[PDB]
Every structure is written in C-alpha cells, then in structure tokens.
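What follows is a set of notes on a single structure, which appears directly below.
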Amino acid sequence: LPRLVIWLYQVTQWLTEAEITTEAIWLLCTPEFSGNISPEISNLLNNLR
Amino acid sequence: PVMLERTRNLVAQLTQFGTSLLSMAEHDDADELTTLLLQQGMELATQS
Amino acid sequence: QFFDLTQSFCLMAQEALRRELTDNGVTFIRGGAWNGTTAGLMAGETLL
Amino acid sequence: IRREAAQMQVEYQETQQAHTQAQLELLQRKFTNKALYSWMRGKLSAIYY
C-alpha cells in the first residue's frame, strides 16, 4: 500500500512537471485500442502497396 | 527510346506545374492569416 | 488534365518496352501515382 | 467606474483567447497544413531512396 501511494505521487508530480494531461498519458500507454481500421491506417496501406 | 524521350519531357513539365501549385497555395494561405490578424486587431481596437 | 495525358504517354511507353523485350509480364506503371492524400501533387515524381 | 473598466479588461483578455483559437483552427484547415506537408516529403523521400 505505501508503494502504491508513493507511485501515485511520483507519476502525478511528473505529469504536472512535464505538462502532460491525464488523458494524454493514457493515450500514450494504454493497451486498449479501437480495433477499427482508421482512415490514417487505410491511407497508409493504399500508399504503401 | 524515342517514346521514353517524349514522355520524359511531358512528365518534367507536370512536375513544374505541381511546384507552382504548392508555391501559390503557400502564399495565398499566408495572406489568409494576415487578413484574420487585421480583422481581430480591429475588434480589439474597438474595445480599447 | 495534364496528368491524364502524361500517364497515357507512360502507358504506351511501357507497351513499347514490352514489345522490345517480348515480355508482357513486366509492369512499371502500377497505379496510385495520383493519391488523394497529397491532392494530386507528387504525381510527376512517381512517374519519373 | 474603475470596476467597469477592469471588467472590460476581462472581456478583452477573453476575446484574445478566442482570437488565438481561431488562428490555430485556421492553420489546421489550411490546404498546406501539417498533413499535406508530412505526406509530400514522405512520398518524395521514398522516391529519392
């Protein structure tokens, strides 16, 4: 439990120092993904083939 | 060899057209920002 | 309009190469030179 | 009277905030926006390679 508390303090302080929002850090690291072929990916494939 | 020469001249001209299109868009969009800045300056001037 | 003519020249230039090498399987104009992501620009460079 | 002038200054700052918002959106809806430049040198880099 103290390890979790100190981990939460370090991360939140880092995010404020680096000016990274909670949503931004989630988008950078989460494994959850939409599963849909986005237009960015579709354009990448069409120019790549 | 002859067909390649004729085609290559046309393709080079096509590249020239694309260069002009990009250059013009850059200048036109630069004026768009300047026009917006002047309009915003007027609104600020009225409040001043 | 110029891209339409230019790619047409490329195609008949490719057919001349097929006749000279007697190889109908070679393909060099693969399509997609005009791509919507660049509004048609960088088409001549691909054909070159 | 001074309070009115101070309140009008708040409206002045709010207008300036909206002005920079409009400028940033205009840069994104530009024809020569970031996406156009990114894809153009990407295509040309592959051709140059």
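Note on naming: chains are A, B, ... as they come in the structure tokens, residues start from 1 per chain, ligands start from 1 in the order shown.
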
Compile the contact shell of stretch 16-26 of chain B as an MDAnalysis selection string: residues with an atom at most 12 Å away, counting only C-alpha atoms, same-chain residues fewer than 4 positions apart removed.
-> (chainID B and resid 9:12 30:33) or (chainID C and resid 1:3 34 38:45) or (chainID D and resid 27 30:33 36:37 40)

What is the distance between atom CA of residue A:21 and atom CA of residue D:29, in Å to one decimal?
-> 24.9 Å

Kindly assemble as a Markdown table a list of the chain D residues that lie within 8 Å of chain B, each paired with its nearest atom pair and their distance in Å to one decimal, using only C-alpha atoms, sorted first by chain and then by ascending residue number.
```
| residue | atom | partner | partner_atom | distance |
| --- | --- | --- | --- | --- |
| D:8 | CA | B:47 | CA | 7.8 |
| D:12 | CA | B:47 | CA | 6.9 |
| D:15 | CA | B:44 | CA | 7.6 |
| D:16 | CA | B:44 | CA | 7.8 |
| D:19 | CA | B:40 | CA | 6.6 |
| D:23 | CA | B:33 | CA | 7.3 |
| D:26 | CA | B:33 | CA | 7.7 |
| D:30 | CA | B:29 | CA | 6.9 |
| D:31 | CA | B:25 | CA | 7.2 |
| D:32 | CA | B:26 | CA | 6.6 |
```

Using N, CA and C atoms, can you export the residues from the last selection as a PDB file, in the first residue's frame?
```pdb
ATOM      1  N   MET D   8     -14.154  45.209 -18.250  1.00  0.00           N
ATOM      2  CA  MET D   8     -13.985  45.261 -19.697  1.00  0.00           C
ATOM      3  C   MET D   8     -12.628  44.696 -20.108  1.00  0.00           C
ATOM      4  N   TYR D  12     -11.641  41.815 -22.723  1.00  0.00           N
ATOM      5  CA  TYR D  12     -10.553  41.968 -23.684  1.00  0.00           C
ATOM      6  C   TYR D  12      -9.657  40.734 -23.704  1.00  0.00           C
ATOM      7  N   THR D  15     -11.510  37.798 -25.356  1.00  0.00           N
ATOM      8  CA  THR D  15     -11.512  37.925 -26.809  1.00  0.00           C
ATOM      9  C   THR D  15     -10.172  37.501 -27.396  1.00  0.00           C
ATOM     10  N   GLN D  16      -9.070  37.886 -26.746  1.00  0.00           N
ATOM     11  CA  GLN D  16      -7.749  37.490 -27.225  1.00  0.00           C
ATOM     12  C   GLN D  16      -7.578  35.977 -27.182  1.00  0.00           C
ATOM     13  N   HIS D  19      -9.321  34.665 -30.117  1.00  0.00           N
ATOM     14  CA  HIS D  19      -8.603  35.002 -31.341  1.00  0.00           C
ATOM     15  C   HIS D  19      -7.514  33.982 -31.653  1.00  0.00           C
ATOM     16  N   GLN D  23      -7.073  31.352 -34.886  1.00  0.00           N
ATOM     17  CA  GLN D  23      -5.839  31.247 -35.658  1.00  0.00           C
ATOM     18  C   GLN D  23      -5.366  29.803 -35.743  1.00  0.00           C
ATOM     19  N   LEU D  26      -7.575  27.822 -38.100  1.00  0.00           N
ATOM     20  CA  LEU D  26      -7.291  28.185 -39.487  1.00  0.00           C
ATOM     21  C   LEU D  26      -6.023  27.504 -39.991  1.00  0.00           C
ATOM     22  N   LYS D  30      -6.076  24.753 -43.121  1.00  0.00           N
ATOM     23  CA  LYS D  30      -5.286  25.213 -44.255  1.00  0.00           C
ATOM     24  C   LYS D  30      -5.112  24.096 -45.279  1.00  0.00           C
ATOM     25  N   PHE D  31      -5.008  24.482 -46.554  1.00  0.00           N
ATOM     26  CA  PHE D  31      -4.679  23.493 -47.577  1.00  0.00           C
ATOM     27  C   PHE D  31      -3.268  22.959 -47.375  1.00  0.00           C
ATOM     28  N   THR D  32      -2.313  23.850 -47.122  1.00  0.00           N
ATOM     29  CA  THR D  32      -0.931  23.452 -46.854  1.00  0.00           C
ATOM     30  C   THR D  32      -0.723  23.259 -45.351  1.00  0.00           C
TER      31      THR D  32
END
```

Gap from atom CA of residue C:17 to atom CA of residue B:1 - Å, one decimal |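 According to the coordinates, atom CA of residue C:17 and atom CA of residue B:1 are separated by 8.9 Å.
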